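Protein chains: 2
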Amino acid sequence: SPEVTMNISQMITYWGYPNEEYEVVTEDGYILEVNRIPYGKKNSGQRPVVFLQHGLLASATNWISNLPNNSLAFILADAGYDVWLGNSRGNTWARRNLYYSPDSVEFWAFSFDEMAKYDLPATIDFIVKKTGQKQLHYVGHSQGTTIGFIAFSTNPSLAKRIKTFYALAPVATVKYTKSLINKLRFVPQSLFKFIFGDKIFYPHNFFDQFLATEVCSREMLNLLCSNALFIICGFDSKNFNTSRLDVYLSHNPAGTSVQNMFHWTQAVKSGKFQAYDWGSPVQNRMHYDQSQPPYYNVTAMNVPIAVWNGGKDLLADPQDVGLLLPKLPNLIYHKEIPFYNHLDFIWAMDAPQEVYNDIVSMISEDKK
Amino acid sequence: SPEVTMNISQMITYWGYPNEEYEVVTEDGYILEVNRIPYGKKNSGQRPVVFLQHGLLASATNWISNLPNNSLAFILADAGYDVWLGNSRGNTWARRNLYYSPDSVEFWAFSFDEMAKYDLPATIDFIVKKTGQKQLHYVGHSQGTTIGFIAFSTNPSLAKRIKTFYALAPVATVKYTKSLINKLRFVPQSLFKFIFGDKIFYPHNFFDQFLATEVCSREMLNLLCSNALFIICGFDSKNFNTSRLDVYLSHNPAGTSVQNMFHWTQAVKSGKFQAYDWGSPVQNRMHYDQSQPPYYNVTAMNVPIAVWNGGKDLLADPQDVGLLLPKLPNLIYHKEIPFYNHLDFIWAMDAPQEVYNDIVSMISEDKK
Ligand SMILES: *[C@@H]1O[C@H](CO)[C@@H](O[C@@H]2O[C@H](CO)[C@@H](O)[C@H](O)[C@H]2NC(C)=O)[C@H](O)[C@H]1NC(C)=O
Ligand SMILES: *[C@@H]1O[C@H](CO)[C@@H](O[C@@H]2O[C@H](CO)[C@@H](O)[C@H](O)[C@H]2NC(C)=O)[C@H](O)[C@H]1NC(C)=O
Ligand SMILES: *[C@@H]1O[C@H](CO)[C@@H](O)[C@H](O)[C@H]1NC(C)=O
Ligand SMILES: *[C@@H]1O[C@H](CO)[C@@H](O)[C@H](O)[C@H]1NC(C)=O
Ligand SMILES: *[C@@H]1O[C@H](CO)[C@@H](O)[C@H](O)[C@H]1NC(C)=O
Ligand SMILES: *[C@@H]1O[C@H](CO)[C@@H](O)[C@H](O)[C@H]1NC(C)=O
Ligand SMILES: *[C@@H]1O[C@H](CO)[C@@H](O)[C@H](O)[C@H]1NC(C)=O
Ligand SMILES: *[C@@H]1O[C@H](CO)[C@@H](O)[C@H](O)[C@H]1NC(C)=O
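Chains B and A are the protein sequences, given in the same order.
Quick note on numbering: the first sequence equals residues 9 to 53, 57 to 379 in PDB author numbering.
Quick note on numbering: the second sequence equals residues 9 to 53, 57 to 379 in PDB author numbering.
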């Protein structure tokens, strides 16, 4: 497929949709190139803003990786909205900073904490100011939702701008997962850095020794089994248009830091939902003004939220989701797709019938 | 409770709702008494029409059998609609025909084929003409949905009148069911008639010999275990208001024919979705002008449809529903309630929060 070697822009214009790139600069210096799809490729050729956040080890191209009839972003554009695809520090086209290079350790010294605290506010302020729209619709997947949880429950002025928070495969805690991500709990920082170093996160061979990895190798392409996106989010591609795997592989992950994965293993080990542990009381103070990483109050997140979770989701496992839902003040909708796993929400051929359609509707009764 | 001995009308007026009875006469001579609830009991005391079809071995009273706050028909009336409860040939108050008696064999020589071809068109024509409304909203449960599938995919003029088809526990095929209805596959016509005869269908003892029946007897009332509705659709009454069981038992089944059950066992045996096999090429010609029962093209059913299916539904099993959904051109919504079985859709205490409320909303955005 021709899109295997196309960047986000080319992939979008390839299907005849409009594309715009903007540069957002975070408070702490990161420069993020965000893409915008201002209107449909004819369908609905001022308009309400809808922001899409990809998840863990993913890419902003997730929302654009298939046919225009089954990719959230394209269908949302044809439905009459102004689609903005969020880009996080570290991933492709977001690897620059005013004060340090991508080749430095300092550049990658971040986790989702920073994404919520800096990347989101900056990107949205930009979008509001550029569009003049006072509010927008937020759609997050996987880690994208957890960014929202943190942001929206600690940034009132930001939260006020979101009229509805659509969460696909939510993740606040990760204490009951069936994901290979658990194997990392067996690893201390000392070892973590010796295995993966600082900077960009690559699986290396850490996972070959695991059963699930031998089973994968047996069934699907080696290419798939040695890709961190799948290793941590599931190898199952039953509901995928297997003709486009090479496209997902060539675009994910877009750029994840070793620190971020370590923050998640910290969560796998504690089962809580809290900020990153910088290593010591002194270091945590220099970041949180406390000696202990603060916890994230999911019940202080009031934005009206709709949740869609999978029954076969190994990362955002039903059990964890189970503990989450009740804590959500103002949960306006919930649906559990039994045969759906973590990545089905983005790449499943029936994702429009199972999820997307519902969102389009739900949105066209608030802002539009 | 007092409703145990009340007819459909009395049950309705018992809660302070208006009631009207109308006589519909099918093309082939059957006389059906249909009930109408023209408005709420105070709530919304001209209005859009919503037709409700009960399912296999059920009763039109299903939509009225509980409290006014959890019975689809009542809530629909209070929501401002004109509710019509369909009655099928054979069941209570639909056991008369211009040319033969209920005591004859000919009277019961029917299956859902006839319900779709004759009962539905006639009842709806009448409703249209009476209310002046050119369109209506159709809500089917169990076999009620299958009637719709046939009707709406073969009767264009009829289909045009349905703006939205709400399907609860859909059933086009029945080849992967966990229902005792499978045991019938072990039976040939010769034996079927010797065991159940023609005319009305009674369980007789055919099912006592089965495990699920011993387990039921062990847990619930014998009354329940020897009632065809539950034997074929599930004995589980966890989500029910168990204080009203005696009401369900005294009203179901309203009247099912042995021929209808044989049509369903034919389906269990073939795994397909097709018309009734009258027994021989000659007999089939005299009914379909072919020698083989025609098949029902579910993909020819264009009415916008919304589907709600249960995770623990033994009859409308997830697997079968699984094969159906993809075939539906124009499926506008889908939700699978994991803990719901076949009859939960009508009698579950949280049916309003799980299904009804979304239907009311969904409707109040089309016609009303
Ligand atoms: C699954 O992926 C394939 C490959 O992208 C899709 O088929 C192609 O669709 C594009 C766009 O219409 C055409 O230009 C190509 O000619 C098609 N064939 C091939 C071999 O690429 C297919 O439509 C996708 N979806 C499904 C359900 O098959
Ligand atoms: C379950 O059914 C019982 C009986 O139908 C309900 O309780 C009755 O409710 C009606 C009206 O609400 C009263 O007139 C009766 O006095 C109540 N008790 C009895 C013994 O009849 C009960 O509310 C229903 N639902 C639930 C959840 O309890
Ligand atoms: C994609 O490639 C084109 C052509 O080489 C380039 O102009 C565009 O800027 C690229 N997209 C991004 C996000 O850099
Ligand atoms: C999108 O198009 C492909 C073929 O072009 C089709 O097979 C698929 O069902 C379509 N998906 C949707 C959601 O319409
Ligand atoms: C969390 O948020 C709720 C609601 O604002 C509040 O009652 C509670 O005290 C907060 N703090 C903690 C630690 O839970
Ligand atoms: C219910 O009973 C009443 C009084 O016995 C009767 O008038 C009414 O017609 C009955 N309802 C039906 C549907 O027959
Ligand atoms: C209906 O009313 C009864 C009390 O009569 C209550 O216990 C039940 O929970 C209510 N259900 C709904 C959906 O309102
Ligand atoms: C079934 O319906 C579809 C859509 O109307 C049609 O294309 C197909 O030829 C029909 N016939 C059969 C036998 O499937």
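Built from N, CA and C at the ideal position, the CB exists for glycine as well.
Residues bridged to residue i [DSSP beta-bridge criterion]
i, result
"B/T175", "B/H148"
"A/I348", "A/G321"
"B/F62", "B/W95 and B/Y149"
"A/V371", "In the DSSP output, where bridge partners are listed per residue, A/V371 has none listed."
"residue 54 of chain B", "Residue numbering in chain B breaks between 53 and 57, and residue 54 of chain B falls inside that break, so it has no position here."
"B/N43", "B/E29 and B/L96"
"B/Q285", "B/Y306"
"A/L342", "A/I316"
"B/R107", "B/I39"
"A/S17", "Answer by DSSP bridge pairing: none, since A/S17 is not bridged."
"B/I211", "B/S268"
Distance cut-off 7 Å: residue i Cβ against heavy atoms of ligand 2
i, result
"A/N51", "no"
"A/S9", "yes"
"A/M19", "no"
Pair within 8 Å by beta-carbon distance, residue i and residue j
i, j, result
"A/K174", "A/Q146", "yes"
"B/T184", "B/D331", "yes"
"B/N98", "B/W358", "no"
"A/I138", "A/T72", "no"
"B/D130", "B/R100", "yes"
"B/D288", "B/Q277", "yes"
"B/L67", "B/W74", "no"
"A/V61", "A/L87", "yes"
"residue 3 of chain A", "A/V182", "Summary: the structure shown does not reach residue 3 of chain A, with chain A confined to residues 9 through 379, and so no result is reported for it."
"A/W95", "A/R44", "yes"
"A/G266", "A/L354", "no"
"A/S164", "A/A311", "yes"
Beta carbon proximity, residue i to chain A, threshold 8 Å
i, result
"B/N368", "yes"
"B/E365", "yes"
"B/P349", "yes"
"B/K346", "yes"
Any non-hydrogen atom of ligand 6 within 7 Å of residue i CB
i, result
"A/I16", "yes"
"A/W104", "yes"
"A/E41", "yes"
Any non-hydrogen atom of ligand 8 closer than 7 Å to residue i Cβ
i, result
"A/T310", "yes"
Residue i: CB within 7 Å of a non-hydrogen atom of ligand 4
i, result
"A/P340", "no"
Any non-hydrogen atom of ligand 1 closer than 7 Å to residue i Cβ
i, result
"B/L78", "yes"
"B/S254", "yes"
"B/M360", "yes"
8 Å Cβ cutoff, residue i in contact with chain B
i, result
"A/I316", "no"
"A/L335", "no"
"A/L67", "no"
"A/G24", "no"
"A/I243", "no"
"A/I343", "yes"
"A/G97", "no"
"A/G290", "no"
"A/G282", "no"
"A/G143", "no"
"A/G322", "yes"
Check: residue i C-beta below 7 Å from any heavy atom of ligand 7
i, result
"A/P363", "yes"
"A/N81", "yes"
heavy atom of ligand 3 below 7 Å from residue i C-beta
i, result
"B/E29", "yes"
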